[PDB]
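Worksheet for the structure shown next.
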Amino acid sequence: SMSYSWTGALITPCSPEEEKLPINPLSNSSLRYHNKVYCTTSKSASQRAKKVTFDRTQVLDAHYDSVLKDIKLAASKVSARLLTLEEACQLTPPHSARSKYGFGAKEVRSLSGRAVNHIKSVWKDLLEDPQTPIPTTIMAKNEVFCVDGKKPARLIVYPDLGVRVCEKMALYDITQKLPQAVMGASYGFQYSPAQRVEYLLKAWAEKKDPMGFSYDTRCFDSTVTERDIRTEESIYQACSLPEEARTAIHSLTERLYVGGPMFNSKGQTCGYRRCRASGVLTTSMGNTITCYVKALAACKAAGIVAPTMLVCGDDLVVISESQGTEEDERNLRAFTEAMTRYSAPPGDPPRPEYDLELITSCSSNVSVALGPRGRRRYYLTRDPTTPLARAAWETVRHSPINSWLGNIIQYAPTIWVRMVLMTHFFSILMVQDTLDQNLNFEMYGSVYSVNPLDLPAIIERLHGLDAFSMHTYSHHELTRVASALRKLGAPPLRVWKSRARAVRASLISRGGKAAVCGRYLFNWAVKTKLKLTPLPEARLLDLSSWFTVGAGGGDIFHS
Ligand SMILES: CCNc1nc2oc(-c3ccc(F)cc3)c(C(=O)NC)c2cc1-c1cccc(C(=O)NC(C)(C)C)c1
């Protein structure tokens, strides 16, 4: 079927949109940034709609059936329960898109009578009716990117707030248990960055002769069929569940997850969806499990030898035994053909790599730097141009996503986070006197609440003490940050190191948790290096909820 059908009504915005920051004609830096950075807006929504609209065909085989059989058997070991209304309301982010039925996230979180009873009606109607399509809203996302032309806006398709709370009651427990039970070590959301690196290094070391590849599906959400989505339901149903959960899961699958009508922000009929919805609770878990099933079946069909997989939504990495370059090339072509028959064709054809550092996935690659010992330390990094361009946009135009914060946390050991992002954002929090204010950052369908003064303990827990003592960065990492700073019109590394010496001194001059930030985060900025010891507060952090899938949008709150 067609991934989408359209009426011709425009995908409309709800808030003001800005494609580019204003130019200062007397600044060369301002011109460089203007030439390089843009924000996607609803103006390009039709270009995206055209790309994501195509017919899907699937040809399954015995390899697919056998993998699916094993997944259902692994799912049967899972016992999951309904969440209470109270639990589902507390998982709702404070600024989650309001309901059309006269209440918002504030009323959901406080359990106001009207919100609670409207959610009661949605729940009862899910139990009563297994078939009527649930309406959704389609919106164009506003995201900042760098040229090299321009990407059109990504589209988000989501149901009403009342429906989103019911999805949590019915399926949140499944999201916490099922992926690990069916995928084991392949489930990408269970790892801290240091644990992810360790897993990849172990997978690489296990092979006598390793070969790795990343596989990127073109428009993954649109390639997801009604059948893939009904198969996801049979996997959820393989769990031990109360009957009421089974009923709600089945109605949500048939009325929402498989497809339905889409409306623009003005309330006009925009189209009809027959693929994955980008803004539902099951988006990330569903994409991860479905990508894993197709990829494991395709490994078997291609004859990939001893594959070790890592799956994060539609991002997939396979590390296996090289059969030599010629056979690897043939086997990757056979893998691609099988993924295409399963309705998962590639954007760019996969390429075999004989060095772990040469694989890119989730925009990241493994790099090496020296520890305080002089020992080689491995960490995840990425090209910093877009993260630095987003941080510059966020400095001038406040966003609740706070991409700069999510980047400082995920990429804490990188040169660009330590020298540029930490220096810049610790300076702004100090000048504004907002260091001790809790902030939220959005990432992979989840909203996390973080105190910037807790960053040293969070970084130590996610990356280890090595994050505060990395030095002697690879030439590629040095060239990458220097080029990104030049291209964006920013001052060079030498200016950032001078500013960091002052930010560190100012932080240490405040005492308490701020001095801890100065000492641990900016130990690279000084000549006389302090010996950094484990932070006791690192062990006391409850970061358990940080290692799971979120809800498209992102609609799972962690505080
Ligand atoms: C470290 C940068 N991010 C990532 N970098 C990555 O690099 C790879 C990768 C790269 C090269 C390669 F050869 C193999 C794999 C990822 C991968 O699994 N691909 C299949 C991958 C995933 C995340 C990622 C995704 C979701 C959440 C979080 C997270 O850490 N989240 C918090 C802070 C909340 C715990 C991090």
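Note on naming: chains are A, B, ... as they come in the structure tokens, residues start from 1 per chain, ligands start from 1 in the order shown.
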
Excluding region 301-308 of chain A and its own-chain neighbours fewer than 6 positions away, which residues fall within 9 Å of it when counting only C-alpha atoms? Please give them as a ChimeraX atom specification. /A:61,63-64,185-186,203-204,207,317-323,328,330-338

Save out the residues we just selected, N, CA, C and O atoms, as an mmCIF file, in the first residue's frame.
```
data_model
loop_
_atom_site.group_PDB
_atom_site.id
_atom_site.type_symbol
_atom_site.label_atom_id
_atom_site.label_comp_id
_atom_site.auth_asym_id
_atom_site.auth_seq_id
_atom_site.Cartn_x
_atom_site.Cartn_y
_atom_site.Cartn_z
ATOM 1 N N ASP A 61 10.153 -14.756 4.029
ATOM 2 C CA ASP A 61 10.703 -16.063 3.712
ATOM 3 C C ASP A 61 10.873 -16.846 4.997
ATOM 4 O O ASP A 61 10.561 -16.327 6.066
ATOM 5 N N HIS A 63 13.591 -17.545 6.606
ATOM 6 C CA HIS A 63 14.574 -16.927 7.518
ATOM 7 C C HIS A 63 13.870 -15.911 8.413
ATOM 8 O O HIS A 63 14.077 -15.900 9.624
ATOM 9 N N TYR A 64 13.009 -15.105 7.820
ATOM 10 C CA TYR A 64 12.216 -14.142 8.587
ATOM 11 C C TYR A 64 11.310 -14.872 9.602
ATOM 12 O O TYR A 64 11.259 -14.471 10.775
ATOM 13 N N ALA A 185 21.798 -8.160 24.294
ATOM 14 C CA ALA A 185 22.858 -7.168 24.156
ATOM 15 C C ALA A 185 22.731 -6.269 22.907
ATOM 16 O O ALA A 185 23.347 -5.209 22.859
ATOM 17 N N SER A 186 21.927 -6.675 21.924
ATOM 18 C CA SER A 186 21.711 -5.906 20.659
ATOM 19 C C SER A 186 20.868 -4.665 20.857
ATOM 20 O O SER A 186 20.832 -3.797 19.976
ATOM 21 N N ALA A 203 32.736 -6.762 20.819
ATOM 22 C CA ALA A 203 32.226 -7.363 19.591
ATOM 23 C C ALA A 203 33.332 -7.436 18.525
ATOM 24 O O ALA A 203 33.427 -8.445 17.825
ATOM 25 N N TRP A 204 34.144 -6.367 18.395
ATOM 26 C CA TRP A 204 35.244 -6.293 17.439
ATOM 27 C C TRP A 204 36.338 -7.306 17.810
ATOM 28 O O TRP A 204 36.804 -8.031 16.928
ATOM 29 N N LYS A 207 35.887 -11.288 17.071
ATOM 30 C CA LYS A 207 36.068 -11.839 15.743
ATOM 31 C C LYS A 207 37.536 -12.156 15.458
ATOM 32 O O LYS A 207 38.428 -11.403 15.856
ATOM 33 N N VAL A 317 24.080 -1.505 13.229
ATOM 34 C CA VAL A 317 25.474 -1.849 13.007
ATOM 35 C C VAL A 317 25.591 -3.370 13.173
ATOM 36 O O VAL A 317 25.006 -3.930 14.096
ATOM 37 N N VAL A 318 26.294 -4.025 12.232
ATOM 38 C CA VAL A 318 26.536 -5.467 12.242
ATOM 39 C C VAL A 318 28.050 -5.681 12.199
ATOM 40 O O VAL A 318 28.708 -5.213 11.274
ATOM 41 N N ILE A 319 28.585 -6.391 13.187
ATOM 42 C CA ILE A 319 30.002 -6.727 13.278
ATOM 43 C C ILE A 319 30.037 -8.239 13.112
ATOM 44 O O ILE A 319 29.316 -8.950 13.800
ATOM 45 N N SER A 320 30.836 -8.727 12.179
ATOM 46 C CA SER A 320 30.856 -10.159 11.904
ATOM 47 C C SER A 320 32.233 -10.619 11.487
ATOM 48 O O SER A 320 33.197 -9.857 11.601
ATOM 49 N N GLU A 321 32.327 -11.869 11.042
ATOM 50 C CA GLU A 321 33.584 -12.460 10.566
ATOM 51 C C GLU A 321 33.766 -12.158 9.089
ATOM 52 O O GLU A 321 32.965 -12.622 8.276
ATOM 53 N N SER A 322 34.835 -11.433 8.738
ATOM 54 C CA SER A 322 35.150 -11.156 7.332
ATOM 55 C C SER A 322 35.427 -12.488 6.597
ATOM 56 O O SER A 322 36.091 -13.366 7.153
ATOM 57 N N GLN A 323 34.907 -12.613 5.364
ATOM 58 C CA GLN A 323 35.119 -13.778 4.496
ATOM 59 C C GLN A 323 36.057 -13.349 3.341
ATOM 60 O O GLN A 323 36.122 -14.005 2.300
ATOM 61 N N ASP A 328 32.768 -10.348 1.286
ATOM 62 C CA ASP A 328 32.095 -9.349 2.143
ATOM 63 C C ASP A 328 31.219 -8.451 1.295
ATOM 64 O O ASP A 328 30.067 -8.229 1.648
ATOM 65 N N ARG A 330 29.972 -9.133 -1.714
ATOM 66 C CA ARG A 330 28.849 -9.920 -2.231
ATOM 67 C C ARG A 330 27.801 -10.125 -1.124
ATOM 68 O O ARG A 330 26.610 -9.994 -1.384
ATOM 69 N N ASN A 331 28.244 -10.483 0.090
ATOM 70 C CA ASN A 331 27.346 -10.746 1.222
ATOM 71 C C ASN A 331 26.562 -9.489 1.624
ATOM 72 O O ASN A 331 25.400 -9.628 1.995
ATOM 73 N N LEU A 332 27.179 -8.282 1.533
ATOM 74 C CA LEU A 332 26.475 -7.034 1.866
ATOM 75 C C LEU A 332 25.443 -6.737 0.797
ATOM 76 O O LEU A 332 24.397 -6.185 1.123
ATOM 77 N N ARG A 333 25.723 -7.108 -0.478
ATOM 78 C CA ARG A 333 24.737 -6.933 -1.546
ATOM 79 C C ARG A 333 23.555 -7.900 -1.294
ATOM 80 O O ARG A 333 22.410 -7.487 -1.420
ATOM 81 N N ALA A 334 23.834 -9.165 -0.890
ATOM 82 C CA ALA A 334 22.769 -10.137 -0.582
ATOM 83 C C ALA A 334 21.946 -9.664 0.661
ATOM 84 O O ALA A 334 20.724 -9.856 0.713
ATOM 85 N N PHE A 335 22.621 -9.053 1.650
ATOM 86 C CA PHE A 335 21.957 -8.537 2.858
ATOM 87 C C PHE A 335 20.990 -7.435 2.455
ATOM 88 O O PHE A 335 19.842 -7.434 2.890
ATOM 89 N N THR A 336 21.473 -6.484 1.639
ATOM 90 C CA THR A 336 20.685 -5.354 1.119
ATOM 91 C C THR A 336 19.442 -5.822 0.352
ATOM 92 O O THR A 336 18.365 -5.257 0.522
ATOM 93 N N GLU A 337 19.607 -6.823 -0.523
ATOM 94 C CA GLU A 337 18.505 -7.390 -1.322
ATOM 95 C C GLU A 337 17.451 -7.996 -0.415
ATOM 96 O O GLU A 337 16.265 -7.796 -0.661
ATOM 97 N N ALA A 338 17.873 -8.700 0.662
ATOM 98 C CA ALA A 338 16.930 -9.316 1.607
ATOM 99 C C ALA A 338 16.208 -8.218 2.402
ATOM 100 O O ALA A 338 14.981 -8.267 2.509
#
```

Which chains and residue numbers are within 7 Å of ligand 1, counting only C-alpha atoms and all ligand atoms, if I want them as an MDAnalysis selection string? chainID A and resid 188:189 191:193 196 200 310:312 315:317 356:357 359:366 380:381 406 409:411 443:444 546:547

I need the residues from that last selection saved to file as a CSV table (one decimal), in the first residue's frame (with N, CA and C atoms), if you can.
```csv
chain,number,residue,atom,x,y,z
A,188,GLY,N,20.0,-1.3,21.7
A,188,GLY,CA,20.8,-0.1,21.8
A,188,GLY,C,20.5,0.9,22.9
A,189,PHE,N,19.3,0.9,23.5
A,189,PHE,CA,19.0,1.9,24.5
A,189,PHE,C,19.4,1.5,25.9
A,191,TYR,N,22.4,1.1,27.1
A,191,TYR,CA,23.8,1.5,27.4
A,191,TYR,C,24.1,2.9,27.7
A,192,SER,N,25.0,3.1,28.6
A,192,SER,CA,25.6,4.4,28.8
A,192,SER,C,26.6,4.6,27.7
A,193,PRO,N,27.1,5.7,27.3
A,193,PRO,CA,28.1,5.8,26.2
A,193,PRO,C,29.4,4.9,26.4
A,196,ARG,N,28.4,1.4,25.8
A,196,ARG,CA,28.2,1.2,24.4
A,196,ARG,C,29.6,0.9,23.7
A,200,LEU,N,31.0,-2.5,21.8
A,200,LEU,CA,31.6,-2.4,20.4
A,200,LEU,C,33.0,-3.0,20.4
A,310,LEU,N,24.0,-4.2,16.9
A,310,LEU,CA,23.7,-3.1,17.8
A,310,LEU,C,22.6,-2.3,17.0
A,311,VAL,N,21.4,-2.2,17.7
A,311,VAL,CA,20.2,-1.6,17.0
A,311,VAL,C,19.7,-0.4,17.9
A,312,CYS,N,19.5,0.7,17.3
A,312,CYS,CA,19.0,1.9,18.0
A,312,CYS,C,17.9,2.5,17.1
A,315,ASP,N,18.7,2.7,13.3
A,315,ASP,CA,20.2,2.7,13.1
A,315,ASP,C,20.7,1.3,13.5
A,316,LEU,N,21.4,0.7,12.6
A,316,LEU,CA,21.9,-0.6,12.7
A,316,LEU,C,23.3,-0.8,12.4
A,317,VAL,N,24.1,-1.5,13.2
A,317,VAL,CA,25.5,-1.8,13.0
A,317,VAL,C,25.6,-3.4,13.2
A,356,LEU,N,37.1,-0.4,13.1
A,356,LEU,CA,35.9,0.0,13.9
A,356,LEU,C,35.7,1.5,13.9
A,357,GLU,N,36.7,2.4,13.8
A,357,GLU,CA,36.6,3.8,13.8
A,357,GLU,C,36.0,4.3,12.5
A,359,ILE,N,33.3,3.2,11.0
A,359,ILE,CA,31.8,3.0,11.0
A,359,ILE,C,31.2,4.2,11.6
A,360,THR,N,30.2,4.7,10.9
A,360,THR,CA,29.3,5.8,11.4
A,360,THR,C,27.9,5.3,11.7
A,361,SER,N,27.4,5.6,12.8
A,361,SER,CA,26.0,5.2,13.2
A,361,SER,C,25.5,6.2,14.2
A,362,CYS,N,24.2,6.6,14.1
A,362,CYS,CA,23.6,7.5,15.0
A,362,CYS,C,24.5,8.8,15.0
A,363,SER,N,25.0,9.1,13.7
A,363,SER,CA,26.0,10.2,13.4
A,363,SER,C,27.3,10.1,14.1
A,364,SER,N,27.5,9.1,14.9
A,364,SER,CA,28.7,8.9,15.7
A,364,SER,C,29.7,7.9,15.2
A,365,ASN,N,31.0,8.0,15.6
A,365,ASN,CA,32.1,7.1,15.3
A,365,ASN,C,32.9,7.0,16.6
A,366,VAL,N,33.6,5.9,16.7
A,366,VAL,CA,34.5,5.6,17.8
A,366,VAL,C,35.8,6.3,17.5
A,380,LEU,N,32.9,7.8,22.0
A,380,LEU,CA,32.1,8.1,20.8
A,380,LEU,C,32.1,9.6,20.6
A,381,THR,N,32.3,10.0,19.3
A,381,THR,CA,32.3,11.4,18.9
A,381,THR,C,31.4,11.5,17.6
A,406,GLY,N,22.0,18.0,26.0
A,406,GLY,CA,22.0,16.6,25.6
A,406,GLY,C,23.4,16.2,25.0
A,409,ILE,N,26.2,16.0,27.7
A,409,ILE,CA,26.1,14.7,28.4
A,409,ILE,C,26.5,13.5,27.6
A,410,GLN,N,26.0,13.4,26.3
A,410,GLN,CA,26.3,12.3,25.5
A,410,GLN,C,27.8,12.3,25.0
A,411,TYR,N,28.3,13.5,24.7
A,411,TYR,CA,29.7,13.6,24.1
A,411,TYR,C,30.6,14.3,25.1
A,443,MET,N,15.7,14.1,24.0
A,443,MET,CA,16.6,13.2,23.3
A,443,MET,C,15.9,11.9,23.1
A,444,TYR,N,15.8,11.4,21.9
A,444,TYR,CA,15.2,10.1,21.5
A,444,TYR,C,13.8,9.8,22.2
A,546,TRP,N,17.1,6.3,32.5
A,546,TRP,CA,17.8,6.9,31.4
A,546,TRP,C,18.1,5.9,30.3
A,547,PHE,N,18.0,4.6,30.6
A,547,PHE,CA,18.4,3.5,29.7
A,547,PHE,C,17.2,2.7,29.2
```

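Proximity ranking of A:490, A:80, A:391, A:165 relative to residue 120 (chain A) places A:165 first, based on only C-alpha atoms.
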
Leaving out residue 262 (chain A) and any residue of its chain fewer than 4 positions from it, which residues lie within 10 Å of it when counting only C-alpha atoms, given as a VMD selection string? chain A and resid 4 to 7 11 134 to 139 157 to 159 267 to 273

Next, the residues of the selection above should be written as a compact mmCIF listing (two decimals), in the first residue's frame with N, CA, C and O atoms.
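Output (selection_20.txt):
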```txt
# COMPACT_ATOMS: atom_id res chain seq x y z
N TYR A 4 1.46 6.90 2.57
CA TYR A 4 0.53 8.00 2.84
C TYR A 4 -0.28 8.30 1.62
O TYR A 4 0.17 8.04 0.51
N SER A 5 -1.50 8.85 1.82
CA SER A 5 -2.35 9.42 0.77
C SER A 5 -2.54 10.86 1.28
O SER A 5 -2.48 11.06 2.49
N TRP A 6 -2.70 11.85 0.38
CA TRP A 6 -2.84 13.27 0.75
C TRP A 6 -4.07 13.89 0.09
O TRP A 6 -4.37 13.54 -1.04
N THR A 7 -4.73 14.83 0.78
CA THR A 7 -5.90 15.55 0.26
C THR A 7 -5.47 16.77 -0.58
O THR A 7 -6.23 17.24 -1.44
N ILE A 11 0.36 21.35 5.14
CA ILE A 11 0.78 21.02 6.48
C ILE A 11 1.10 22.41 7.06
O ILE A 11 2.03 23.09 6.61
N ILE A 134 -8.23 6.43 14.88
CA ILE A 134 -8.05 7.54 15.79
C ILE A 134 -7.42 8.68 14.99
O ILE A 134 -6.44 8.44 14.25
N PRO A 135 -7.98 9.92 15.06
CA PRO A 135 -7.38 11.02 14.31
C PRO A 135 -6.03 11.43 14.87
O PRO A 135 -5.75 11.20 16.05
N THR A 136 -5.18 11.94 14.01
CA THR A 136 -3.85 12.43 14.41
C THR A 136 -3.61 13.80 13.79
O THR A 136 -4.27 14.17 12.80
N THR A 137 -2.63 14.52 14.34
CA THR A 137 -2.21 15.81 13.80
C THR A 137 -0.85 15.55 13.14
O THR A 137 -0.04 14.80 13.68
N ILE A 138 -0.62 16.20 11.98
CA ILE A 138 0.65 16.16 11.27
C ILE A 138 1.25 17.58 11.36
O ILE A 138 0.54 18.55 11.13
N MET A 139 2.54 17.70 11.75
CA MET A 139 3.23 19.00 11.88
C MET A 139 4.62 18.87 11.29
O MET A 139 5.20 17.79 11.33
N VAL A 157 3.70 12.98 13.35
CA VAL A 157 2.29 12.57 13.31
C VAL A 157 1.95 12.03 14.71
O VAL A 157 2.58 11.07 15.14
N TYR A 158 1.00 12.65 15.41
CA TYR A 158 0.73 12.26 16.79
C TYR A 158 -0.74 12.36 17.16
O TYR A 158 -1.46 13.19 16.58
N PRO A 159 -1.21 11.51 18.11
CA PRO A 159 -2.62 11.59 18.53
C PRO A 159 -2.76 12.60 19.67
O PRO A 159 -1.77 13.10 20.22
N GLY A 267 -7.10 21.96 11.55
CA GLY A 267 -8.20 21.00 11.65
C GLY A 267 -8.70 20.46 10.33
O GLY A 267 -9.72 19.77 10.30
N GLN A 268 -8.01 20.75 9.21
CA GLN A 268 -8.42 20.23 7.92
C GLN A 268 -7.84 18.84 7.72
O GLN A 268 -6.73 18.58 8.17
N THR A 269 -8.54 18.00 6.95
CA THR A 269 -8.06 16.67 6.62
C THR A 269 -6.90 16.86 5.69
O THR A 269 -7.00 17.54 4.66
N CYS A 270 -5.77 16.27 6.07
CA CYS A 270 -4.51 16.43 5.36
C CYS A 270 -4.14 15.18 4.56
O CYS A 270 -3.63 15.26 3.44
N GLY A 271 -4.43 14.03 5.12
CA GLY A 271 -4.13 12.76 4.46
C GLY A 271 -4.45 11.56 5.30
O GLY A 271 -5.16 11.65 6.30
N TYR A 272 -3.94 10.41 4.86
CA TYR A 272 -4.15 9.15 5.55
C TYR A 272 -2.81 8.43 5.62
O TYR A 272 -2.13 8.33 4.62
N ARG A 273 -2.47 7.90 6.80
CA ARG A 273 -1.20 7.20 7.05
C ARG A 273 -1.41 5.69 7.04
O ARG A 273 -2.37 5.22 7.61
```

Helix (DSSP H, G or I) call set, DSSP backbone run, region 304-340 of chain A, as a ChimeraX atom specification: /A:325-340
